[PDB]
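**Student:** Residue numbers (the authors' numbering), protein chains in the order written: chain A, 24 to 92, 98 to 214; chain A', 24 to 92, 98 to 214. A prime marks a further copy of an entry chain. C-beta atoms are modelled at their ideal positions from N, C-alpha and C, and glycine is treated no differently.
Protein chains: 2
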Amino acid sequence: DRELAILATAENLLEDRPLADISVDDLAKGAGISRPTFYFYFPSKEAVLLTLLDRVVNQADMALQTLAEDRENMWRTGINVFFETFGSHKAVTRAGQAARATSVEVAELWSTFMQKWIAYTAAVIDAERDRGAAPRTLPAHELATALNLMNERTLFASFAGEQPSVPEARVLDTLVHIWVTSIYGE
Amino acid sequence: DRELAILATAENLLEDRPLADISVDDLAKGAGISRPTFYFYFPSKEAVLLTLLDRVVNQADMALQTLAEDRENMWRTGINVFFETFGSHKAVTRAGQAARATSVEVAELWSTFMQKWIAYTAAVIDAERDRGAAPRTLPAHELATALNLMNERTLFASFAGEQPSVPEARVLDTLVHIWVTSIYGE
Ligand SMILES: O=C(CCC(F)(F)F)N1CCC(c2nc(-c3ccccc3)no2)CC1
Ligand SMILES: O=C(CCC(F)(F)F)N1CCC(c2nc(-c3ccccc3)no2)CC1
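1) Do the segment 24–38 of chain A' and the segment 116–124 of chain A' make contact, defined as three or more Cβ pairs closer than 8 Å?
2) From the beta carbon of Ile-146(A'), is the nearest beta carbon of chain A less than 8 Å away?
3) In the structure shown, what three-state DSSP assignment does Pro-59(A) receive?
4) Below 8 Å between beta carbons is the criterion; list the residues of the segment 159–181 of chain A' that meet it against any residue of chain A, in chain order.
5) Quick check: is any heavy atom of ligand 1 less than 7 Å from the C-beta of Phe-110(A)?
6) Could you tell me which chain A' residues have their CB closer than 8 Å to the CB of residue 93(A), listed as they occur along the chain?
7) Classify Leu-166(A) as helix, strand or coil using the three-state DSSP reduction.
8) At 8 Å on the CB atoms, spell out the chain A' contacts of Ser-139(A), in chain order.
9) To the nearest angstrom, how far is it from the Cα of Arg-99(A') to the Cα of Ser-186(A)?
10) If you count every other CB in all the chains shown that lies within 10 Å of the CB of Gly-106(A'), and 16 or more means buried, which is it?
11) According to the neighbour-count rule (16 or more other Cβ atoms, all chains shown, within 10 Å of its Cβ), is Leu-183(A') buried or exposed?
12) DSSP three-state label for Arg-40(A'), please.
13) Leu-203(A) and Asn-179(A) look like a contact to me (Cβ under 8 Å); what is the Cβ gap, rounded to whole Å?
14) Measuring straight from C-alpha to C-alpha, what distance separates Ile-206(A') and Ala-150(A')?
15) In chain order, what residues of the same chain have a beta carbon less than 8 Å from the beta carbon of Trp-103(A'), not counting five sequence neighbours either side?
16) May I ask you to report which of helix, strand or coil DSSP gives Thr-105(A)?
17) Can you tell which of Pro-59(A'), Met-85(A'), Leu-76(A') and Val-71(A') has the C-alpha that lies nearest to the C-alpha of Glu-136(A')?
18) Assign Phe-61(A) to one of two classes, buried (16 or more other C-beta atoms within 10 Å of its C-beta) or exposed (fewer than that).
19) Any heavy atom of ligand 3 closer than 7 Å to the beta-carbon of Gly-106(A)?
20) With a threshold of 7 Å (Cβ to nearest heavy atom), would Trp-103(A) be considered close to ligand 2?
21) Hey, would you say the C-beta of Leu-90(A') is under 7 Å away from at least one heavy atom of ligand 2?
22) In the structure shown, what three-state DSSP assignment does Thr-149(A') receive?
23) What's the C-alpha gap between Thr-173(A) and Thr-140(A')?
24) Quick check: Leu-171(A) and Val-134(A), are their CB atoms within less than 8 Å of each other?
25) Would you mind telling me which residues of chain A sit closer than 7 Å to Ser-210(A'), beta carbon to beta carbon, in chain order?
26) Whole angstroms are fine: how far does the CA of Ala-51(A') sit from the CA of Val-80(A)?
27) Decide if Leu-27(A) is buried, meaning its Cβ has at least 16 other Cβ atoms within 10 Å, or exposed.
28) Could you check whether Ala-129(A) and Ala-129(A') sit closer than 8 Å to each other, using their CB atoms as the reference points?
29) Could you name the residues of the same chain whose beta carbon sits closer than 8 Å to that of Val-109(A'), not counting the 5 residues immediately before and after it, in chain order?
30) Within 8 Å (strictly less), CB to CB, does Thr-74(A) reach chain A'?
31) For ligand 1, any of its heavy atoms closer than 7 Å to the Cβ of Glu-190(A')?
32) CB-CB under 8 Å to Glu-214(A'), same chain, minus the five flanking residues each way: which ones, in chain order?
33) Name the chain A residues whose beta carbon is nearer than 7 Å to that of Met-85(A')?
So this is what it looks like as structure tokens:
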């Protein structure tokens, strides 16, 4: 509604600058509403970012669910959900990652979804071991945890152009290599 | 001197609480000096953390240099330098990681050492490929980047007891598995 215009404005401004340099006034002005009208839809600019991040993590989650309904290509398509979804929302991903430090709600959102994505990873590794396609090496949930944390750090360093980082055009191939060798390697 | 007592005090208090809840007064009081005497040695409590982190990253770096003067055990000993060094300084590591967001000096320190550690990793992978012990798969510097970023995120999640995290007692074996399979796996 006006809610969607507030969310579009905040995502648009986050591309230009950090949430510290965005006023509820910029957000109201972008959405064609007054400041007190903003406060009807959101308590803070921090609450706007939480909603933007909730939409992006659920978009990734729903795409992974769709997939779940050649072993290298299987993992590549799964990693690609996160590459494309977060890569299509870099400003929100970057701001949301930074807000984990200062928002308990943002930290718990991120934590909830990582636990879900790790549990799905471990379940697929377990299924691969059960069909005899993968060796019983590390505990599957521990392997999944380290690989998902690798993806989190690597994808977000690439998207931010951090030094150091894998170039964005090389990051999917890099991560697929490490997943497939670590999951199938004896 | 008095400098060492300020640094010992700050590391001691960081174990109890975050740098936000430590006053220059706590630091002065711990070191048996006055507040203005503190300002003779350090401009801010933020400068104390920068020095503490510089000492820890250089301790790791010097231990790695010592090492550099069975392939699974080679990588295990190298990863162990970082596990033991950072694991022996969890309060400083945790505070230092958080300060990357709000200190350019802390972010550039961390960046400098990651670039060095990635370049050393890539050089060892290159040497392993040159002696025919490792296959020419991914670009060595891209593989090294992702593996080092994996270690950074995984070690620091374990030490902080984040949810999710690999249990501290399982994190070295977890990371050695993923390094050896990804470096030696075809
Ligand atoms: O990368 C992230 C999370 C990234 C983040 F958010 F930063 F951590 N992944 C988490 C989920 C992984 C997965 N794929 C499949 C699958 C199942 C069926 C068919 C195809 C694939 N199951 O689990 C892909 C990689
Ligand atoms: O884990 C980190 C960095 C961790 C951080 F800081 F979080 F990123 N490592 C970076 C350095 C790696 C390495 N080991 C050896 C070696 C050489 C000779 C003999 C034995 C080992 N060469 O490179 C070990 C893992």
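**Tutor:** In brief:
1) yes
2) For the purposes of this step, residue 146(A') is taken as residue 118 along the second sequence, with counting starting at 1. Answer yes: the Cβ-Cβ gap between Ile-146(A') and chain A drops below 8 Å somewhere.
3) Working through the first sequence from its first residue, we reach residue 59(A) at position 36. Three-state DSSP puts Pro-59(A) in a helix.
4) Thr-165, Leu-166, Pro-167, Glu-170, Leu-171, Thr-173, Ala-174, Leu-175, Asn-176, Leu-177, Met-178, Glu-180 and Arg-181
5) Looking up residue 110(A) in the first sequence gives position 82. Under cutoff, so the answer is yes.
6) Between 92 and 98 in chain A the model has nothing, and residue 93(A) is one of the residues in that span.
7) For this step, residue 166(A) is matched to residue 138 along the first sequence. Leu-166(A) falls in the coil class under three-state DSSP.
8) By one-based count along the first sequence, residue 139(A) stands at place 111. Within 8 Å Cβ-Cβ: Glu-190, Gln-191 and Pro-192.
9) Here residue 99(A') corresponds to residue number 71 of the second sequence, with the count starting at 1. Here residue 186(A) corresponds to residue number 158 of the first sequence, with the count starting at 1. Rounded to whole angstroms, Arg-99(A') to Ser-186(A) spans 29 Å at the Cα level.
10) The residue labelled residue 106(A') in the question sits at position 78 within the second sequence. Label assigned to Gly-106(A'): buried.
11) Numbered from its first residue, the second sequence carries residue 183(A') at position 155. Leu-183(A') comes out buried.
12) For the purposes of this step, residue 40(A') is identified with residue 17 of the second sequence, where counting begins at 1. Here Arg-40(A') sits in coil by DSSP.
13) Here residue 203(A) is taken as the residue at index 175 of the first sequence, counted from 1. Here residue 179(A) is taken as the residue at index 151 of the first sequence, counted from 1. Contact flag correct, Cβ pair sits at about 6 Å.
14) Translated into the one-based positions of the second sequence, residue 206(A') becomes position 178. Translated into the one-based positions of the second sequence, residue 150(A') becomes position 122. The straight-line gap from Cα to Cα measures roughly 16 Å.
15) Numbered from 1 along the second sequence, position 75 holds the residue referred to as residue 103(A'). So the qualifying residues of the chain are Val-204, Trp-207, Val-208 and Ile-211.
16) To locate residue 105(A), count along the first sequence from 1; it is residue 77. Three-state result, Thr-105(A): helix.
17) Translated into the one-based positions of the second sequence, residue 136(A') becomes position 108. Cα-wise, what sits closest to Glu-136(A') is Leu-76(A').
18) Translated into the one-based positions of the first sequence, residue 61(A) becomes position 38. The residue in question, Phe-61(A), is buried, as its Cβ has 16 or more Cβ neighbours within 10 Å.
19) In terms of ligand content, the structure shown lacks ligand 3 and carries ligand 1 and ligand 2 instead.
20) Against the first sequence, residue 103(A) aligns to sequence position 75. Outside the cutoff, so no.
21) Here the question's residue 90(A') lines up with position 67 in the second sequence. Yes; taking the cut-off as 7 Å, the Cβ of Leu-90(A') has a heavy atom of ligand 2 nearer than that.
22) The residue you call residue 149(A') lines up with position 121 of the second sequence. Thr-149(A') falls in the helix class under three-state DSSP.
23) By one-based count along the first sequence, residue 173(A) stands at place 145. By one-based count along the second sequence, residue 140(A') stands at place 112. Taking the straight line from one Cα to the other gives about 27 Å.
24) Position 143 of the first sequence holds residue 171(A). Position 106 of the first sequence holds residue 134(A). Their beta carbons are not under 8 Å apart, which means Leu-171(A) does not touch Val-134(A) by this criterion.
25) In the second sequence, counting from the first residue as 1, residue 210(A') sits at position 182. Near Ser-210(A') (Cβ distances below 7 Å), the residues of chain A are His-205, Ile-206, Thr-209 and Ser-210.
26) Here the question's residue 80(A) lines up with position 57 in the first sequence. Here the question's residue 51(A') lines up with position 28 in the second sequence. Spanning the two alpha carbons is a distance of roughly 45 Å.
27) Stepping through the first sequence from its first residue, residue 27(A) is reached at position 4. So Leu-27(A) counts as exposed.
28) In the second sequence, the residue the question calls residue 129(A') occupies position 101. In the first sequence, the residue the question calls residue 129(A) occupies position 101. Yes, Cβ-Cβ distance for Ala-129(A') and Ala-129(A) is below 8 Å.
29) In the second sequence, counting from the first residue as 1, residue 109(A') sits at position 81. Excluding positions up to five away in sequence, the list reads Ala-83, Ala-86, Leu-87 and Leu-90.
30) Walking along the first sequence from the start, residue 74(A) turns up at place 51. Not one chain A' Cβ lies under 8 Å of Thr-74(A).
31) Along the second sequence, one-based indexing puts residue 190(A') at 162. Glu-190(A') Cβ: outside cutoff for every heavy atom of ligand 1.
32) By one-based count along the second sequence, residue 214(A') stands at place 186. These residues qualify, in order along the chain: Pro-163 and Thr-165.
33) Reading the second sequence from its first residue, position 62 is the one you call residue 85(A'). Those do not exist, as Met-85(A') stays about 21 Å from chain A at its closest Cβ, beyond 7 Å.
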